[PDB]
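S.K.: Sharing target_30.pdb, PDB, C-alpha atoms and all ligand atoms:
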ATOM      1  CA  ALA V   1     -61.653 -55.747  12.123  1.00  0.00           C
ATOM      2  CA  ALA V   2     -59.000 -53.581  13.775  1.00  0.00           C
ATOM      3  CA  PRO V   3     -58.253 -53.877  17.465  1.00  0.00           C
ATOM      4  CA  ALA V   4     -59.902 -51.401  19.786  1.00  0.00           C
ATOM      5  CA  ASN V   5     -56.608 -49.542  20.223  1.00  0.00           C
ATOM      6  CA  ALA V   6     -55.633 -49.471  16.537  1.00  0.00           C
ATOM      7  CA  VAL V   7     -54.221 -46.228  15.227  1.00  0.00           C
ATOM      8  CA  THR V   8     -57.054 -44.502  13.391  1.00  0.00           C
ATOM      9  CA  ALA V   9     -57.558 -41.813  10.756  1.00  0.00           C
ATOM     10  CA  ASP V  10     -58.249 -38.758  12.910  1.00  0.00           C
ATOM     11  CA  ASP V  11     -55.387 -39.511  15.245  1.00  0.00           C
ATOM     12  CA  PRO V  12     -53.365 -36.274  14.949  1.00  0.00           C
ATOM     13  CA  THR V  13     -50.004 -38.047  14.922  1.00  0.00           C
ATOM     14  CA  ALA V  14     -51.286 -40.544  12.330  1.00  0.00           C
ATOM     15  CA  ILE V  15     -52.292 -37.632  10.123  1.00  0.00           C
ATOM     16  CA  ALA V  16     -48.974 -35.833  10.620  1.00  0.00           C
ATOM     17  CA  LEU V  17     -46.979 -39.004   9.825  1.00  0.00           C
ATOM     18  CA  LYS V  18     -49.271 -40.107   6.972  1.00  0.00           C
ATOM     19  CA  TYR V  19     -49.874 -43.487   8.592  1.00  0.00           C
ATOM     20  CA  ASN V  20     -52.017 -46.036   6.813  1.00  0.00           C
ATOM     21  CA  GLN V  21     -52.683 -49.559   8.049  1.00  0.00           C
ATOM     22  CA  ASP V  22     -52.183 -50.743   4.454  1.00  0.00           C
ATOM     23  CA  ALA V  23     -48.852 -49.677   2.948  1.00  0.00           C
ATOM     24  CA  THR V  24     -50.293 -50.177  -0.539  1.00  0.00           C
ATOM     25  CA  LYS V  25     -52.599 -47.227   0.295  1.00  0.00           C
ATOM     26  CA  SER V  26     -49.724 -45.037   1.494  1.00  0.00           C
ATOM     27  CA  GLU V  27     -47.482 -42.310   0.140  1.00  0.00           C
ATOM     28  CA  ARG V  28     -44.269 -44.237   0.822  1.00  0.00           C
ATOM     29  CA  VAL V  29     -43.086 -43.567  -2.753  1.00  0.00           C
ATOM     30  CA  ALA V  30     -43.479 -39.787  -2.418  1.00  0.00           C
ATOM     31  CA  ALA V  31     -41.564 -39.727   0.869  1.00  0.00           C
ATOM     32  CA  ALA V  32     -38.639 -41.819  -0.379  1.00  0.00           C
ATOM     33  CA  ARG V  33     -37.438 -42.484   3.190  1.00  0.00           C
ATOM     34  CA  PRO V  34     -33.933 -43.922   3.157  1.00  0.00           C
ATOM     35  CA  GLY V  35     -32.803 -47.479   3.810  1.00  0.00           C
ATOM     36  CA  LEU V  36     -34.897 -49.469   1.383  1.00  0.00           C
ATOM     37  CA  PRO V  37     -36.635 -48.671  -1.899  1.00  0.00           C
ATOM     38  CA  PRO V  38     -40.054 -47.280  -0.927  1.00  0.00           C
ATOM     39  CA  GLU V  39     -42.124 -50.149  -2.333  1.00  0.00           C
ATOM     40  CA  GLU V  40     -40.338 -52.463   0.135  1.00  0.00           C
ATOM     41  CA  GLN V  41     -41.171 -50.433   3.274  1.00  0.00           C
ATOM     42  CA  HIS V  42     -43.860 -51.350   5.772  1.00  0.00           C
ATOM     43  CA  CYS V  43     -44.231 -51.589   9.539  1.00  0.00           C
ATOM     44  CA  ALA V  44     -42.808 -55.141   9.811  1.00  0.00           C
ATOM     45  CA  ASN V  45     -39.372 -54.003   8.653  1.00  0.00           C
ATOM     46  CA  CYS V  46     -39.382 -50.773  10.663  1.00  0.00           C
ATOM     47  CA  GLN V  47     -37.159 -50.122  13.710  1.00  0.00           C
ATOM     48  CA  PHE V  48     -40.096 -48.702  15.674  1.00  0.00           C
ATOM     49  CA  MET V  49     -42.326 -51.787  15.414  1.00  0.00           C
ATOM     50  CA  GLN V  50     -42.509 -53.634  18.721  1.00  0.00           C
ATOM     51  CA  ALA V  51     -42.586 -57.371  18.217  1.00  0.00           C
ATOM     52  CA  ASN V  52     -43.460 -58.056  21.835  1.00  0.00           C
ATOM     53  CA  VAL V  53     -46.604 -55.823  21.858  1.00  0.00           C
ATOM     54  CA  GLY V  54     -49.946 -56.881  20.396  1.00  0.00           C
ATOM     55  CA  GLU V  55     -50.902 -60.050  18.559  1.00  0.00           C
ATOM     56  CA  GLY V  56     -50.823 -61.336  15.029  1.00  0.00           C
ATOM     57  CA  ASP V  57     -50.870 -58.569  12.414  1.00  0.00           C
ATOM     58  CA  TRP V  58     -51.480 -55.883  15.073  1.00  0.00           C
ATOM     59  CA  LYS V  59     -48.238 -54.893  16.779  1.00  0.00           C
ATOM     60  CA  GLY V  60     -46.852 -52.017  18.784  1.00  0.00           C
ATOM     61  CA  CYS V  61     -45.171 -48.937  17.371  1.00  0.00           C
ATOM     62  CA  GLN V  62     -42.959 -46.954  19.740  1.00  0.00           C
ATOM     63  CA  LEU V  63     -44.264 -43.689  18.208  1.00  0.00           C
ATOM     64  CA  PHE V  64     -47.922 -44.548  19.037  1.00  0.00           C
ATOM     65  CA  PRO V  65     -47.887 -45.391  22.772  1.00  0.00           C
ATOM     66  CA  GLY V  66     -50.928 -47.357  23.933  1.00  0.00           C
ATOM     67  CA  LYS V  67     -51.987 -48.284  20.402  1.00  0.00           C
ATOM     68  CA  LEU V  68     -51.447 -50.945  17.743  1.00  0.00           C
ATOM     69  CA  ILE V  69     -50.412 -50.623  14.100  1.00  0.00           C
ATOM     70  CA  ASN V  70     -50.743 -53.188  11.314  1.00  0.00           C
ATOM     71  CA  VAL V  71     -47.549 -55.005  10.303  1.00  0.00           C
ATOM     72  CA  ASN V  72     -48.512 -54.291   6.681  1.00  0.00           C
ATOM     73  CA  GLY V  73     -48.911 -50.541   7.254  1.00  0.00           C
ATOM     74  CA  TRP V  74     -46.590 -47.585   6.761  1.00  0.00           C
ATOM     75  CA  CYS V  75     -45.909 -44.050   7.980  1.00  0.00           C
ATOM     76  CA  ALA V  76     -43.356 -41.364   7.144  1.00  0.00           C
ATOM     77  CA  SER V  77     -41.215 -42.196  10.169  1.00  0.00           C
ATOM     78  CA  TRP V  78     -40.437 -45.578   8.574  1.00  0.00           C
ATOM     79  CA  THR V  79     -36.838 -46.428   9.463  1.00  0.00           C
ATOM     80  CA  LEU V  80     -35.107 -49.718   8.702  1.00  0.00           C
ATOM     81  CA  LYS V  81     -35.169 -52.379  11.429  1.00  0.00           C
ATOM     82  CA  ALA V  82     -31.466 -52.499  12.224  1.00  0.00           C
ATOM     83  CA  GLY V  83     -31.474 -54.036  15.724  1.00  0.00           C
TER      84      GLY V  83
HETATM   85  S1  LIG C   1     -42.927 -45.822  12.685  1.00  0.00           S
HETATM   86 FE1  LIG C   1     -42.604 -47.718  11.597  1.00  0.00          FE
HETATM   87  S2  LIG C   1     -43.840 -49.279  12.735  1.00  0.00           S
HETATM   88 FE2  LIG C   1     -44.551 -47.251  13.417  1.00  0.00          FE
HETATM   89  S3  LIG C   1     -46.337 -46.852  12.052  1.00  0.00           S
HETATM   90 FE3  LIG C   1     -44.519 -45.869  11.088  1.00  0.00          FE
HETATM   91  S4  LIG C   1     -43.751 -47.464   9.656  1.00  0.00           S
HETATM   92 FE4  LIG C   1     -45.197 -48.498  11.108  1.00  0.00          FE
END
Please express the file's structure as structure tokens.
Ligand code: SF4

M.R.:
Amino acid sequence: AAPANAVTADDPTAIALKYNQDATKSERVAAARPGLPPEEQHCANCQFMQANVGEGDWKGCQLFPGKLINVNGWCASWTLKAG
């Protein structure tokens, strides 16, 4: 059960960025974002995930203010966690 503030499917930014809470049901391969092979990309290893926001598998994403993403999700703004 997703948190009340989870990013959902008719969120306009989620649609534009092709977010899915489950990276295995994402188009990460098509996008081929740089930094890691696409099959290795998900929110946990993304620069925009906020480790101090949320709880458990439901964490912040800087791009979705006031909401939570799933650590096992993906979107097209995936960028390697570099610092
Ligand atoms: S920007 Fe990164 S952390 Fe935020 S939803 Fe997209 S992949 Fe997940």

S.K.: Which residues come within 12 Å of stretch 11-14 of chain V, counting all atoms listed in the file, excluding same-chain residues fewer than 4 positions away, as a VMD selection string?

M.R.: chain V and resid 5 to 7 18 to 21 26 61 63 to 65 67 to 69 73 to 77

S.K.: Which residues come within 10 Å of residue V:53, counting only C-alpha atoms, excluding same-chain residues fewer than 3 positions away, as a PDB file with C-alpha atoms, in the coordinates of the input?

M.R.:
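Below is the file that was written, result.pdb:
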ATOM      1  CA  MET V  49     -42.326 -51.787  15.414  1.00  0.00           C
ATOM      2  CA  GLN V  50     -42.509 -53.634  18.721  1.00  0.00           C
ATOM      3  CA  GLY V  56     -50.823 -61.336  15.029  1.00  0.00           C
ATOM      4  CA  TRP V  58     -51.480 -55.883  15.073  1.00  0.00           C
ATOM      5  CA  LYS V  59     -48.238 -54.893  16.779  1.00  0.00           C
ATOM      6  CA  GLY V  60     -46.852 -52.017  18.784  1.00  0.00           C
ATOM      7  CA  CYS V  61     -45.171 -48.937  17.371  1.00  0.00           C
ATOM      8  CA  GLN V  62     -42.959 -46.954  19.740  1.00  0.00           C
ATOM      9  CA  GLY V  66     -50.928 -47.357  23.933  1.00  0.00           C
ATOM     10  CA  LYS V  67     -51.987 -48.284  20.402  1.00  0.00           C
ATOM     11  CA  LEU V  68     -51.447 -50.945  17.743  1.00  0.00           C
TER      12      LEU V  68
END

S.K.: Quick one: which residues end up in the PyMOL selection byres (((chain V and resi 33) around 12) and not hetatm) for this structure, as a count of residues only?

M.R.: 23

S.K.: How big is the axis-aligned box around the listed atoms of ligand LIG 1 (chain C) once 5 Å is added on each side, and where is its centre? Give both in Å to one decimal, as JSON.

M.R.:
{"center_x": -44.5, "center_y": -47.6, "center_z": 11.5, "size_x": 13.7, "size_y": 13.5, "size_z": 13.8}

S.K.: For a test of reading the model, state the distance in Å between atom CA of residue V:83 and atom CA of residue V:9, rounded to one decimal.

M.R.: 29.2 Å

S.K.: Using only C-alpha atoms and all ligand atoms, pick whichever of V:48, V:10, V:15, V:25 has the shortest atom-to-atom distance to ligand LIG 1 (chain C).

M.R.: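 Using only C-alpha atoms and all ligand atoms, ligand LIG 1 (chain C) sits closest to V:48.
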
S.K.: Which residue gives the smallest distance to residue V:2 among V:24, V:70, V:45, V:52, with only C-alpha atoms counted?

M.R.: V:70

S.K.: What is the atom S3 of ligand LIG 1 (chain C) to atom CA of residue V:4 distance in Å?

M.R.: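 For atom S3 of ligand LIG 1 (chain C) relative to atom CA of residue V:4, the distance reads 16.3 Å.
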
S.K.: What gap, in Å, lies between atom CA of residue V:51 and atom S1 of ligand LIG 1 (chain C)?

M.R.: 12.8 Å

S.K.: Which one is closest to ligand LIG 1 (chain C): V:8, V:3, V:57, V:44? Count all atoms listed in the file.

M.R.: V:44

S.K.: Which residue out of V:16, V:82, V:43, V:1 has the minimum interatomic distance to ligand LIG 1 (chain C) when only C-alpha atoms and all ligand atoms are used?

M.R.: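 Distance minimum relative to ligand LIG 1 (chain C) lands on V:43.
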
S.K.: Missing atoms in stretch 47-62 of chain V: fill them in up to N, CA, C and O atoms and send the result as a PDB file, in the coordinates of the input.

M.R.:
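To be explicit, this is the file written out as rebuild14.pdb:
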ATOM      1  N   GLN V  47     -37.803 -50.133  12.406  1.00  0.00           N
ATOM      2  CA  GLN V  47     -37.159 -50.122  13.710  1.00  0.00           C
ATOM      3  C   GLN V  47     -38.124 -49.823  14.849  1.00  0.00           C
ATOM      4  O   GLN V  47     -37.835 -50.219  15.989  1.00  0.00           O
ATOM      5  N   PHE V  48     -39.195 -49.091  14.609  1.00  0.00           N
ATOM      6  CA  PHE V  48     -40.096 -48.702  15.674  1.00  0.00           C
ATOM      7  C   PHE V  48     -41.208 -49.718  15.943  1.00  0.00           C
ATOM      8  O   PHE V  48     -41.942 -49.575  16.927  1.00  0.00           O
ATOM      9  N   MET V  49     -41.316 -50.775  15.121  1.00  0.00           N
ATOM     10  CA  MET V  49     -42.326 -51.787  15.414  1.00  0.00           C
ATOM     11  C   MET V  49     -41.851 -52.637  16.586  1.00  0.00           C
ATOM     12  O   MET V  49     -40.692 -53.033  16.666  1.00  0.00           O
ATOM     13  N   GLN V  50     -42.789 -52.931  17.491  1.00  0.00           N
ATOM     14  CA  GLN V  50     -42.509 -53.634  18.721  1.00  0.00           C
ATOM     15  C   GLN V  50     -43.085 -55.028  18.632  1.00  0.00           C
ATOM     16  O   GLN V  50     -44.295 -55.244  18.740  1.00  0.00           O
ATOM     17  N   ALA V  51     -42.188 -56.005  18.454  1.00  0.00           N
ATOM     18  CA  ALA V  51     -42.586 -57.371  18.217  1.00  0.00           C
ATOM     19  C   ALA V  51     -43.171 -58.001  19.450  1.00  0.00           C
ATOM     20  O   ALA V  51     -43.855 -59.038  19.299  1.00  0.00           O
ATOM     21  N   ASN V  52     -42.929 -57.461  20.608  1.00  0.00           N
ATOM     22  CA  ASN V  52     -43.460 -58.056  21.835  1.00  0.00           C
ATOM     23  C   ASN V  52     -44.755 -57.393  22.311  1.00  0.00           C
ATOM     24  O   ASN V  52     -45.161 -57.743  23.405  1.00  0.00           O
ATOM     25  N   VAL V  53     -45.362 -56.530  21.528  1.00  0.00           N
ATOM     26  CA  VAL V  53     -46.604 -55.823  21.858  1.00  0.00           C
ATOM     27  C   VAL V  53     -47.663 -56.234  20.847  1.00  0.00           C
ATOM     28  O   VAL V  53     -47.361 -56.323  19.657  1.00  0.00           O
ATOM     29  N   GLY V  54     -48.866 -56.531  21.308  1.00  0.00           N
ATOM     30  CA  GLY V  54     -49.946 -56.881  20.396  1.00  0.00           C
ATOM     31  C   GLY V  54     -50.025 -58.346  20.083  1.00  0.00           C
ATOM     32  O   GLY V  54     -49.586 -59.213  20.856  1.00  0.00           O
ATOM     33  N   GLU V  55     -50.651 -58.666  18.936  1.00  0.00           N
ATOM     34  CA  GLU V  55     -50.902 -60.050  18.559  1.00  0.00           C
ATOM     35  C   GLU V  55     -51.090 -60.081  17.062  1.00  0.00           C
ATOM     36  O   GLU V  55     -51.801 -59.262  16.482  1.00  0.00           O
ATOM     37  N   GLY V  56     -50.527 -61.102  16.410  1.00  0.00           N
ATOM     38  CA  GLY V  56     -50.823 -61.336  15.029  1.00  0.00           C
ATOM     39  C   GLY V  56     -50.345 -60.188  14.161  1.00  0.00           C
ATOM     40  O   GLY V  56     -49.192 -59.753  14.262  1.00  0.00           O
ATOM     41  N   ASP V  57     -51.232 -59.686  13.301  1.00  0.00           N
ATOM     42  CA  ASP V  57     -50.870 -58.569  12.414  1.00  0.00           C
ATOM     43  C   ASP V  57     -50.914 -57.213  13.094  1.00  0.00           C
ATOM     44  O   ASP V  57     -50.606 -56.213  12.430  1.00  0.00           O
ATOM     45  N   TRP V  58     -51.286 -57.155  14.368  1.00  0.00           N
ATOM     46  CA  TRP V  58     -51.480 -55.883  15.073  1.00  0.00           C
ATOM     47  C   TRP V  58     -50.443 -55.771  16.189  1.00  0.00           C
ATOM     48  O   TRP V  58     -50.542 -56.448  17.209  1.00  0.00           O
ATOM     49  N   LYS V  59     -49.414 -54.944  15.942  1.00  0.00           N
ATOM     50  CA  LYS V  59     -48.238 -54.893  16.779  1.00  0.00           C
ATOM     51  C   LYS V  59     -47.996 -53.472  17.272  1.00  0.00           C
ATOM     52  O   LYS V  59     -48.564 -52.509  16.782  1.00  0.00           O
ATOM     53  N   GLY V  60     -47.126 -53.338  18.271  1.00  0.00           N
ATOM     54  CA  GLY V  60     -46.852 -52.017  18.784  1.00  0.00           C
ATOM     55  C   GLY V  60     -46.014 -51.197  17.797  1.00  0.00           C
ATOM     56  O   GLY V  60     -45.286 -51.700  16.959  1.00  0.00           O
ATOM     57  N   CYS V  61     -46.097 -49.875  17.987  1.00  0.00           N
ATOM     58  CA  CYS V  61     -45.171 -48.937  17.371  1.00  0.00           C
ATOM     59  C   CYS V  61     -44.751 -47.981  18.476  1.00  0.00           C
ATOM     60  O   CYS V  61     -45.596 -47.368  19.152  1.00  0.00           O
ATOM     61  N   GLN V  62     -43.448 -47.794  18.638  1.00  0.00           N
ATOM     62  CA  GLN V  62     -42.959 -46.954  19.740  1.00  0.00           C
ATOM     63  C   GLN V  62     -43.557 -45.550  19.645  1.00  0.00           C
ATOM     64  O   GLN V  62     -43.747 -44.906  20.684  1.00  0.00           O
TER      65      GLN V  62
END
